[PDB]
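# Summary of structural features
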Amino acid sequence: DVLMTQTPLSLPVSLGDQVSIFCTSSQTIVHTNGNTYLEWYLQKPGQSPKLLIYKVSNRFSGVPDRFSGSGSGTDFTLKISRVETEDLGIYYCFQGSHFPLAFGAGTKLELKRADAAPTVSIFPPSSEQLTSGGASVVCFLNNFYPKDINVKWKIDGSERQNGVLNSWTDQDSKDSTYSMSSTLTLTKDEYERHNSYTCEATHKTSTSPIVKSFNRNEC
Amino acid sequence: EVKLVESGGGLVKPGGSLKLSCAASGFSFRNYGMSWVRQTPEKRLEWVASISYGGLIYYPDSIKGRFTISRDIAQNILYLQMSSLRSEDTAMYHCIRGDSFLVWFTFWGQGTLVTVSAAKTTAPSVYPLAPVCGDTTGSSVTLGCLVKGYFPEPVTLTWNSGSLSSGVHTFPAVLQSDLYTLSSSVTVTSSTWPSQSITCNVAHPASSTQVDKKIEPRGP
Ligand SMILES: Cc1c2ccccc2c(CCC(=O)O)c2ccccc12
């Protein structure tokens, strides 16, 4: 089995930049007929994947002249001589030289911008949820950049790294930042067992976490 | 104009069966290789099966035996019989025409969604997220809405019926335990809220659900 490896999983770029996206095979991908079936696809948000390059270096008809492909042995490369706003999305490589046919994880082309500290907002369980017998403490880490962030919870000073659901937004088409919601879910009784609920954010803009908290009984 | 239209996608319980169809146009099957490729919720692309212009069939070991590609050359329709279905088989299915010994996936269809789950139609739980006494001590105020345990997807969330658009962040749903949970945050000026009315309008069509929750300041 040939496994296709793509890096990085996220490539931050500025428009007008010449970029190279890499893809590696776990072993050689030459078909028995001499051809190397390495293809590159661009999946534009909302749409389906579309062919860009076939057989390592052949630009498919209708594909812009800024896209090219190259590679040999186990290293293949996708080039975009000058990036536009339409080129943003995820790029997938794929080898069809050997069975099973393999897809790479994909590389998301995203926009670079100035660092942005996240705005951390913490919200205790709604009085309504409590009646139903549940307790969900949500916390929003919004409009931050870069996209790498760590959210830690601490119930009464003690870290509670269990039962937390996190979701992330795609880069904002407007300001180009990222946002994320982290929902800790407990029970009315377990929730009523603690007082201090805390949400700490470790962004490359803090190291010493952005902390937002509250006390069940008071503030 | 070449066309590929997938149909048959839908909700199927584990171990169950489903038949996907793909109506083609612009070309003939005897001249092109056909394949099915799926994109899982994680956005991962996986090859499911392909049939050559001649009839040769190929499956990856995980699909082999459970799924079956067949084609109606006469009515130029490609199929994919699915059985022994698992939750990981949940993905968007695309049929694709390729060029034999030239390019595998030259032309993709928009796809059809197949969701494998034992979950039952459950209306969402919509809770109003009011800020803690701390946050509110500034220029802006971020509010929120928790839309818990609903099935199936999707639900539609707005603020003040759409009146509140800028400064909103609606997060992608996630399965918590066979049920979907989603959350949205809305940031506005301090003099905007609670001075002005702010409501989270959530609808879950599948369960004929249309609920509204006004965000009120907490405190005794
Ligand atoms: C698109 C497509 C191909 C595209 C590029 C290269 C080979 C292709 C093959 C045959 C592959 C093989 O025999 O290993 C196919 C076999 C069946 C159906 C489609 C096929």
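The rules we used
- Residues numbered from 1 in each chain as written, not as in the entry; some residues may be left out.
- Chains lettered and ligands numbered in written order.
- Heavy atoms only, no water.
- Contact = heavy atoms within 4.5 Å.
- Buried area = accessible area lost by both parts, 1.4 Å probe.
- Salt bridge = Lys/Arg side-chain N within 4 Å of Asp/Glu carboxyl O.
- Polar contact = N/O pair within 3.5 Å; in protein donor to acceptor, adjacent residues only side chain to side chain.
- Nonpolar A, V, L, I, M, F, W, Y, C, P; charged D, E, K, R; others polar.
- Pairing = 2+ DSSP bridges.
- Helix = DSSP H or I, 4+ residues; strand = E, 2+ residues; numbered from the N terminus.
- Axes fitted to C-alpha atoms, helices over the stretch in contact; angles between N-to-C directions.
- Disulfide = S-S within 2.5 Å.
- Near = heavy atom within 4 Å.
- Areas by Shrake-Rupley, 256 points an atom, 1.4 Å probe, with all protein chains shown as cover.
- Domains from an automatic or database assignment.

Attention now moves to the interface of chain A and chain B. A common way to state how big an interface is: give the accessible area lost once the parts meet. If you look at the interface, chain A gives 50 residues, while chain B gives 44 residues. Taken together, both faces of the contact between chain A and chain B bury some 3,700 Å²; the carbon and sulfur share is 67%. On inspection of chain A and its partner chain B, the count reaches one salt bridge. Close ionic contact of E128 of chain A with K213 of chain B constitutes a salt bridge, the shortest N to O distance being 3.9 Å. On the surface where chain A and chain B come into contact, there are 13 residue pairs in polar contact. When the residues that make up the side of chain A that touches chain B are grouped by side-chain class, the tally is 24 nonpolar, 21 polar and five charged.

What follows covers the sheet that holds strand β18 (residues 199–204) of chain B. All names here are of chain B. Ordered by their spatial adjacency, three strands build an open sheet running β14-β18-β19, and the pairing between neighbours is antiparallel. The sheet is open, and its two edges are formed by β14 (156–159) and β19 (209–214), each paired on a single side. Ignoring which end each strand starts from, the neighbouring axes of this sheet average 15° apart. Of the strand pairs in this sheet, β14 and β18 are connected by four bridges, and their pairing is antiparallel. Looking across to β18, one finds that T156 is bridged to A203.

All names here are of chain A. Per the counting criterion, the structure on display carries five disulfides over all chains. Each sulfur in the disulfide pair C23 and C93 lies 2.0 Å from the other. In this structure, the disulfide formed by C23 and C93 twists by about 85° around the S-S bond and is classed as right-handed. In this pair, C23 sits in strand β3 (residues 19–25) while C93 sits in strand β9 (residues 90–95), placing the two residues 70 residues apart along the sequence.

On to the site of the ligand, then. Close contacts around the ligand come from 13 residues, with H31 and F99 of chain A together with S52, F101 and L102 of chain B the closest. Bordering the ligand are residues originating from chains A and B. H31 of chain A is positioned such that a nitrogen or oxygen atom in its side chain is 2.9 Å from an oxygen atom of the ligand. Notes on the ligand: free accessible area 450 Å², of which the protein chains cover 92%. Listing elements by their share of the shell around the ligand, those giving two or more residues are β9 (91–99) and β10 (103–108) of chain B.

For the rest of this paragraph, the subject is the domain arrangement of chain B. One can read the domain layout of chain B as domain 1 (1–118) and domain 2 (119–217). For domain 1 of chain B versus domain 2 of chain B, the distance between C-alpha centres works out to 37 Å.

It is worth spelling out unusual backbone geometry at this point. The peptide bond linking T7 of chain A to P8 of chain A adopts the cis configuration, its omega dihedral lying at 0°. Here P8 of chain A shows up in the loop between β1 (4–7) and β2 (10–13). Residue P194 of chain B is reached from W193 of chain B by a cis peptide bond, and omega for that bond is 0°. One non-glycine residue, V56 of chain A, lies in positive phi territory at about 70°. Secondary-structure assignment places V56 of chain A in the loop between β5 (49–54) and β6 (58–59). The phi torsion at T207 of chain A lies on the positive side, around 65°, for a residue other than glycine.

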